[PDB]
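# this one's sequence-less:
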């Protein structure tokens, strides 16, 4: 079916412009659809921004009057979003979504891209290993963690053992303080499998091109 | 601007039971060609909204048939014959009949299950962070229910509330529980100054709190 995917700078300076791209695969953008831009604010309110249909016809929400521009490049089968004069109020998750012009069906959304409007500086994170205390390793289950601290902006991706370990994992939302984010993740495995089977935290922060692969070492002799 | 009002704001449902949510628009959504541009979308935790119902009463592409949209004019209803854990998330209604198109504020569907006490784990600052002059003590309160819980920190028996940051997760669709993370951040100098660190969790599953501690310099 039709698949959409956003891309574009995740951080933008106030009063500058936001510029996103949506690549469509499995369907020509010059057919049947209406390509929309929709954004979700931190509170979870959705706002329709606008669209450009299969024939190039556009339409945008009056709430953005003059700041929005929606275009396309048929040779590349992509449509774009441009929002100028941004402010922190434009900070939100952006989505592109296709809907049939005829009935508004077959709605397909991209994975969504987060865009932060700030003057703060990009900072890579410190990935700290969370090794369990001796006392809490004698049960049938053991819980380990990983602490990603001091990064900006969002997001970061975190997996365990390159994604081969997904059961019993809890990755919490990041908390912001002083223009810096902190996030944690926990993973629970059968105690007898650790430390025999190593457990590694894989963290990536695209904004700073940084990657960390921290193996959790047991407290005590290693 | 057409105002889309959803209700209830939240809703708790036991697996297997039916669910019904409403959406009322400030203007009729029927057009000049007999179509009603009313859609229903579900947004699971961390995912992007996804199609459910379109054209007011028609089931969208690939959507399970447990979903049923109904109504006309300004009152619409979404019914789930029988709820499954994977239905948890936020439900939205959207209208494409009046420019500009608007969304409802959403309805959060929560799965109701048997109470569950949290699994508490406490972690000392790592060696690496210690070399940076900072010291974070982390505590995980995992897979509990209901979602209401309280975490208290204690340094050498004394409670500590400054320097604590918390984060919750959405409800998990695999077991319908919640999880929370609490972090106490101190300076390396202050951490190195005390001995015991305690993470106290109080949940309705027990009259007395679940306590986890460790002594600095002890495995």
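The structure has been received and is ready for your questions. Residues are numbered from 1 along each chain as shown, chains lettered A, B, ... in the order given.

# Domain-wise, how is the chain divided?
In the absence of a named chain, chain A is used. What curated CATH domains lists as the domains of chain A is A:1-119, A:120-218.

# think we crossed wires, I meant chain B
B:1-113, B:114-219.

# So stretch B:110-120, near chain A or not?
Yes. Against chain A, stretch B:110-120 shows contacts by CB under 8 Å from any CB of the partner chain at residue B:119. All C-beta spots, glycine's among them, are computed from the backbone N, C-alpha and C.

# which other residues reach that stretch?
Outside stretch B:110-120, the residues that touch it by CB atoms under 8 Å, 6 or more residues apart in numbering or on different chains are A:141, A:143, A:188, B:10-15, B:83, B:85, B:87-88, B:139-146, B:149, B:171, B:173, B:175-177, B:179-180, B:199, B:201, B:203-206, B:210-212.

# Which members of these occur in strands, if any?
In this view, those that belong to strands under DSSP state E are A:141, A:143, A:188, B:10-14, B:139-144, B:179-180, B:199, B:201, B:210-212.

# and stretch A:210-222, how far out from the chain's middle?
Centroid displacement of stretch A:210-222 relative to its chain, using CA atoms, centre = their mean, to the nearest Å, is 26 Å.

# Can you give me the first-to-last residue distance of it?
27 Å (CA to CA, to the nearest Å).

# Report the buried residues of that stretch.
The neighbour-count check on stretch A:210-222 (16 or more other CB atoms under 10 Å in any protein chain shown) flags A:210, A:212, A:214, A:216, A:219 as buried.

# Please enumerate residues in contact with stretch A:68-75?
Applying CB under 8 Å, 6+ apart, the contact partners of stretch A:68-75 are A:28-30, A:35, A:37, A:49-52, A:56, A:58, A:60-61, A:78-84.

# At the geometric centre of chain B, which residue sits there?
residue B:170 (2.7 Å; CA atoms, centre = their mean).

# Does it touch residue B:45 like I think?
Yes. Contact criterion CB atoms under 8 Å: residue B:170 and residue B:45 qualify, at 3.6 Å.

# Overlap of the contact sets of these two?
residue B:88.

# from the chain's centre, how far out does stretch B:114-129 sit?
That offset, for stretch B:114-129, works out to 20 Å (CA atoms, centre = their mean).

# okay, how far is it across it, tip to tip?
Start and end residues of stretch B:114-129 are separated by 39 Å (CA to CA).

# Show me which positions of that stretch end up buried.
Neighbour-count burial for stretch B:114-129 flags B:116, B:117, B:118, B:119, B:120, B:121, B:122, B:123, B:124, B:125, B:126, B:129 (criterion: 16+ other CB under 10 Å).

# Could I get the full set of helices for chain B?
Along chain B, counting by DSSP state H, helices occupy B:127-130, B:188-191.

# who wins for proximity to chain A among those helices?
Closest approach to chain A among those is made by helix B:127-130 (4.9 Å; CB to the nearest CB).

# List of residues touching the closest one?
A:126, A:128, A:129, A:147, A:149, B:135, B:136, B:188, B:191.

# What count of nearby residues applies to the last one?
Applying the criterion other CB atoms under 10 Å in any protein chain shown, we find 22 residues in the vicinity of residue B:191.

# Let me see the contact set for the residue nearest to it when sequence neighbours are not counted.
Spatial nearest neighbour of residue B:191, excluding adjacent residues (CB to CB, 6 or more residues apart in numbering or on different chains): residue B:135 at 3.6 Å. With contacts defined as CB under 8 Å, 6+ apart, residue B:135 is in contact with B:125, B:129, B:185, B:186, B:187, B:188, B:190, B:191, B:192.

# okay, the residues you listed in TSV with distance to residue A:72 next?
Listed next are the contacts of residue B:135 as TSV, based on distance: CB to CB, whole Å:
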residue	distance to residue A:72
B:125	52
B:129	48
B:185	47
B:186	53
B:187	53
B:188	54
B:190	57
B:191	56
B:192	60
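
# Can you select the buried ones among the ones in strands among the contacts of stretch B:110-120 for me in ChimeraX?
Buried residues within the ones in strands among the contacts of stretch B:110-120, by 16+ other CB under 10 Å, are selected in ChimeraX with:
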select /A:143,188 /B:11,13,139,140,141,142,143,144,179,180,199,201,210,212
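
# Quickly check: stretch B:1-8 near chain A or not.
No. Stretch B:1-8 does not reach chain A (CB under 8 Å from any CB); its nearest approach is 8.5 Å.

# Any idea how far apart the tips of that stretch sit?
End-to-end span of stretch B:1-8 (CA to CA): 22 Å.

# Stretch B:60-76 now?
Stretch B:60-76 end-to-end distance (CA to CA) = 16 Å.

# Surely residue B:102 is in contact with residue B:93?
No. The pair residue B:102 / residue B:93 is not scored as a contact, 9.3 Å apart, by CB under 8 Å.

# okay, these two: which has more neighbours?
Between residue B:102 and residue B:93, residue B:93 has the larger neighbour count (other CB under 10 Å), namely 30 against 20.

# so who does the residue lying closest to that one once chain neighbours are set aside touch?
Spatial nearest neighbour of residue B:93, excluding adjacent residues (CB to CB, 6+ apart): residue B:23 at 3.6 Å. Residue B:23 makes contact with B:4, B:5, B:6, B:38, B:40, B:75, B:76, B:77, B:78, B:93, B:104, according to CB under 8 Å, 6+ apart.

# mind checking how far the fourth one is from chain A?
Shown here: residue B:38 relative to chain A, a distance of 9 Å by CB to the nearest CB, to the nearest Å.
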